[PDB]
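*Asks:* Dropping a structure here in structure tokens format, bear with me for questions.
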Amino acid sequence: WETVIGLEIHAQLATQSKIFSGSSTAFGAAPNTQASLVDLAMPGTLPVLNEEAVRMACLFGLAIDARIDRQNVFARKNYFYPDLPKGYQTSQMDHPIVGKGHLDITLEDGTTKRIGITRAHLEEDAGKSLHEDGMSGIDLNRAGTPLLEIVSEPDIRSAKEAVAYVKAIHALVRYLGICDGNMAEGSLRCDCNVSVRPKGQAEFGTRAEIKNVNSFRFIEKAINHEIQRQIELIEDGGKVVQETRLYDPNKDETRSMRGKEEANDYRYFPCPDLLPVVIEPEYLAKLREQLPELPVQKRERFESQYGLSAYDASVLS
Amino acid sequence: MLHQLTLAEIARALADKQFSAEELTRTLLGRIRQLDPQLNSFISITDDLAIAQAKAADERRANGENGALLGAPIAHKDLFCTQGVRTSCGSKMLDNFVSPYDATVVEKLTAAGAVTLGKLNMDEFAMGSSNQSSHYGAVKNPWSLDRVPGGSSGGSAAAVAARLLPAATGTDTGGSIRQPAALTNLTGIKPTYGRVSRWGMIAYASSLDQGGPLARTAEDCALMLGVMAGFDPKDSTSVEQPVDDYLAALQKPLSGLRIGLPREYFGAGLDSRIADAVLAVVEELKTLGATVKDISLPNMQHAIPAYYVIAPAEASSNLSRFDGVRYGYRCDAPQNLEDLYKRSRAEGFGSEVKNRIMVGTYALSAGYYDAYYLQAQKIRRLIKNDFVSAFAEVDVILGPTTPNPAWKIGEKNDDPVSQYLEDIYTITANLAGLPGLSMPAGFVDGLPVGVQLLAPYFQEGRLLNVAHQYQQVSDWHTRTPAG
Amino acid sequence: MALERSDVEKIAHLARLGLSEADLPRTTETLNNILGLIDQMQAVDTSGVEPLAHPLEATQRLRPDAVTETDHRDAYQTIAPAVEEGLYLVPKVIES
């Protein structure tokens, strides 16, 4: 058996004002309190890109050792949903902020393997529905919040490797001061594109996308219980269908949220209101000088030059 | 006797202490509400805000502060958002929508010292060039009650031409200002893309939309453009440029100014009458002391399809926000969420907007994208290239505006072939993002026709300059008493 | 270049449109005419040349992380058709 998985990590950037709006980010139980004129998607209103957002973006791009493009254009992800105020989600399809990087992930049992990251673009969040009371209520308190969608290359294999990769992303981003890192508050989220295939045949093994995974333990358990599930499904044959599943830690079972009848056409195209932002090598030249010392190399530097053990150096770093 | 209004003469008269802005606005409003139902050019007339703004215009005029135009009566399009006033764009969808925020253009103009009377009728989201698809009723032309004033700014042109108002605010999306101006013997100017901000201005085609003033004289729309231009930090498409001295740019001679007359502006679509009406203007411009040279545009004919691929596409995304969850009009019986979307967007507007959104979605759909949208954009690029290649020797490119005189109502309104075959010359400037100006050439069968002139980037002062030099040759001022 | 009622159906599903049986033929006809108009551009070669999304060749677009004041509750619901404790009421079930 060969388990080829993938990871789609959404990181919530810690900025005061929203990416295109002027409302605050951090907030408590008060609903609809962080929605100005921009977030309500009023007719005739226009969005303006945040400075520290793209700054932190290309900062992460520099930290991950990726070739940053000179120009990047925001594209539209047109889908209709009550949480989404406008008729399209401002993301990045072609020419993202960050592309093709690599992260040194720390594992156990000897070798410390390197994993690849295909891209890392700027996305946007939507509203939130809660179960009440009847009908439902949509809260745009989190709507308009800047997002960083780090999409990883399918080089990641075992589940433990995946947990290690999520921990490495979390640590690096925490060091960069981009996101809070607290998964409990709902800042750092991720999805997993897990797909297994029997060694020898490129055949069989449909992809399974498990969404909404919180803790590292949840990640590990869900990925395992999905891998073995797919293994059984291929062993029996049956019907290998593409669906977007979810995981609940209570029963440790995989549930299907939506049945994919056909490939969803989001209709991507360059956004006509927002012009492509040009990041010059001078920007990167200043940010590289502003770049903090990476934890993964700082603990190893705590091993090399200063007399210290692996354990205490790591927990110190 | 107060029908002969113009912002220059009105500022001069108010400076002469003849009366207050209140008397002017009350008399003019009196003229409005009496004859309006015959042409139906206005949808709503706010009296309280008008009289308040008039008194404030008086107290401001007392100390003569902050403006070239003080207490000038100007109306706005249903596209521009207004605090307190029902912005609707002239549609069933955006009906009963009182915007909680104003617009940069309305805010700037009012802060400059201009009284707003109310809102005039327009096409649904600037879609259509006939103003017959209006939910509030079709607008009638002051010269011919059986024909159309144009679109998608027919209401403004009809309002100003019919002596109701001295100056109004219009839109430019795909030749939606030049055509109504030409059909109503008016002077319409479109600024370079990025000059006038779009904040508050509801978009139909983001990369094509641009707000421009519409008035009787070039001087008037110069006085308006001088105010309504400039950068706005809230808008991303706005560009920073300091040239805003249009009023002083006048009275500059046409000594040895090169003028381009394209071959493609003379084809099989335009009638000979307007052709002679243009050649007379060219000869008169030669008498003014300007030189004329033949220029070429290889990709001018290919301007018509590409536009109707780019403009709908963007719209199909721009109008995607109109679902009725946050504002506008909501379904009476929403069985489902999908039912809410589909029914609300169904009972928005009829066939025109819906079908154009359909063609837009078809153009943006997976697969057809590269063959249609990308194609149209690259053709647009070729057009820009042709323009920047042409303007290397020619300063201003002149030609005919509308290829056909005004057509009657109840005819080919259901048929879009004639609708599309109208705007052929006027869309090139929109696709290229160049500043344009339509000034009336004369009259055909009692109906007014105009000539369009195009200029290079960020120098509208020159086009309004040749416009002013043109104002010296032949004036059509005494046209107000008839209608 | 050609279209059936189901093409118009799927386009309607994408852009979310309510269409009855009586409106179908006329819409198909007009749409086919429009496509018949746009199809002329395919004759022209477009190799090498780049697309034009925006008329002006503008650059960076930055906005500082400056927080702007927040409005009150009452200003939102004045136009909103559905309101409960400051939230928009919307049907949850999505099918067909």
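One line per residue, one yes/no per condition, for (1) within 14 Å of chain A (Cβ to nearest Cβ); (2) closer than 27 Å to residue B:222 by Cβ; (3) part of a loop (DSSP other than H, G, I, E, B):
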site: B:31; (1), (2), (3): no, yes, no
site: B:43; (1), (2), (3): no, no, no
site: B:59; (1), (2), (3): no, no, no
site: B:65; (1), (2), (3): no, yes, yes
site: B:70; (1), (2), (3): no, yes, yes
site: B:75; (1), (2), (3): no, yes, no
site: B:82; (1), (2), (3): yes, yes, yes
site: B:88; (1), (2), (3): yes, no, yes
site: B:94; (1), (2), (3): yes, no, yes
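*Asks:* Moving on to the next point. Looking only at the stretch A:138-162, count every residue that is part of a helix (DSSP H, G or I) and aliphatic (A, V, I, L, M) and tell me the total.
*Replies:* 2
*Asks:* Now, a different point. Looking only at the stretch B:293-323, filter to residues that are more than 7 Å from every other protein chain (Cβ to nearest Cβ) and of a type in the set (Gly, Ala, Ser); which one of those is surrounded by the fewest Cβ atoms within 10 Å (Cβ to Cβ)?
*Replies:* B:296
*Asks:* OK, next. Which of the residues belonging to the stretch B:191-225 are away from chain A (no Cβ under 14 Å), farther than 22 Å from residue C:63 by Cβ and not hydrophobic (A, V, I, L, M, F, W, C)?
*Replies:* Passing the criteria: B:191, B:192, B:212, B:213, B:216, B:217, B:219, B:220.
*Asks:* From the list A:165, A:175, pick out the single residue that is part of a helix (DSSP H, G or I), aromatic (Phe, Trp, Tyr) and surrounded by 21 or more Cβ atoms within 10 Å (Cβ to Cβ).
*Replies:* A:165
*Asks:* State whether the residues of the stretch C:15-26 include one that is of a type outside the set (A, V, I, L, M, F, W, C), within 22 Å of residue A:272 (Cα to Cα) and surrounded by fewer than 15 Cβ atoms within 10 Å (Cβ to Cβ).
*Replies:* no
*Asks:* Which one is farthest from the other protein chains (Cβ to nearest Cβ) among residues in the stretch B:226-253 that are touching a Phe, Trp or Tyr at 6+ places or on another chain (Cβ under 8 Å) and more than 21 Å from residue B:207 (Cβ to Cβ)?
*Replies:* Taking the candidates together, the pick is B:226.
*Asks:* State the number of residues belonging to the stretch B:330-349 that are at the interface with chain C (Cβ under 7 Å from one of its Cβ atoms) and either assigned to a loop (DSSP other than H, G, I, E, B) or on the phi > 0 side of the Ramachandran plot (or both).
*Replies:* Summing the residues that are at the interface with chain C (Cβ under 7 Å from one of its Cβ atoms) and either assigned to a loop (DSSP other than H, G, I, E, B) or on the phi > 0 side of the Ramachandran plot (or both) in the stretch B:330-349 gives 3.
*Asks:* Consider residue B:363 against the criteria (1) assigned to a helix (DSSP H, G or I); (2) more than 13 Å from chain A (Cβ to nearest Cβ): it satisfies all of them except one. Which criterion is unmet?
*Replies:* With respect to (1) assigned to a helix (DSSP H, G or I); (2) more than 13 Å from chain A (Cβ to nearest Cβ), residue B:363 is out only on (2).
*Asks:* Has the stretch B:242-259 got any residue that is in a strand (DSSP E or B) and more than 30 Å from residue B:140 (Cβ to Cβ)?
*Replies:* Checked against the condition, which is being in a strand (DSSP E or B) and more than 30 Å from residue B:140 (Cβ to Cβ), the stretch B:242-259 yields at least one hit.
*Asks:* Right, something else. Of everything in the stretch C:67-96, what is more than 15 Å from residue A:35 (Cα to Cα) and surrounded by fewer than 15 Cβ atoms within 10 Å (Cβ to Cβ)? Give them in sequence order.
*Replies:* C:78, C:83, C:84, C:85, C:92, C:93, C:95, C:96
*Asks:* Could I ask something else about it? State yes or no: is residue C:49 on the phi < 0 side of the Ramachandran plot and in contact with a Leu (Cβ under 8 Å, 6 or more places away or on another chain)?
*Replies:* Against the criterion (on the phi < 0 side of the Ramachandran plot and in contact with a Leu (Cβ under 8 Å, 6 or more places away or on another chain)), residue C:49 qualifies.
*Asks:* Let me ask something else. How many residues are part of a helix (DSSP H, G or I) and either facing chain B (nearest Cβ under 8 Å) or in contact with a strand residue (DSSP E or B) (Cβ under 9 Å, 6 or more places away or on another chain) (or both) if we restrict to the stretch C:8-60?
*Replies:* Final tally of qualifying residues: 17.
*Asks:* What are the pairs with Cβ atoms under 9 angstrom where one residue, in the stretch B:374-403, is over 17 Å from residue C:47 (Cβ atoms) and more than 7 Å from every other protein chain (Cβ to nearest Cβ) and the other, located anywhere, is in a helix (DSSP H, G or I) and of a type in the set (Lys, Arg)? Sequence gap at least six, or different chains.
*Replies:* Final answer for the pair search is B:395/B:462; B:396/B:462; B:401/B:178; B:402/B:178.
*Asks:* Looking at B:188, B:175, which is the one that is part of a loop (DSSP other than H, G, I, E, B) and either within 14 Å of the chain's Cα centre (by Cα) or within 13 Å of chain A (Cβ to nearest Cβ) (or both)?
*Replies:* B:175
*Asks:* Looking at the stretch C:66-88, I want the residues that are more than 9 Å from chain A (Cβ to nearest Cβ) and have a partner that is in a loop (DSSP other than H, G, I, E, B) and of a type in the set (A, V, I, L, M) with Cβ atoms under 8 Å, at least 6 apart or on another chain. Which pairs are those?
*Replies:* So the pair list comes out as C:77/C:83.
*Asks:* Where in the stretch B:411-482 are there helices (runs of 4 or more DSSP H), lying wholly inside it, with at least 1 residues that are under 19 Å from the mean Cα position of the chain (by Cα) and over 17 Å from residue B:259 (Cα atoms)?
*Replies:* B:416-420, B:427-432
*Asks:* Quick one: which residue in C:23, C:65 is closer than 26 Å to residue B:337 by Cβ and of a type in the set (D, E, K, R)?
*Replies:* On inspection, the qualifying residue turns out to be C:23.
Where a number appears in this text, it was derived from the coordinates with a stated rule and is not lab data. No Cβ is skipped: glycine too gets one built from the backbone with ideal geometry, and neighbour counts run over all protein chains shown.
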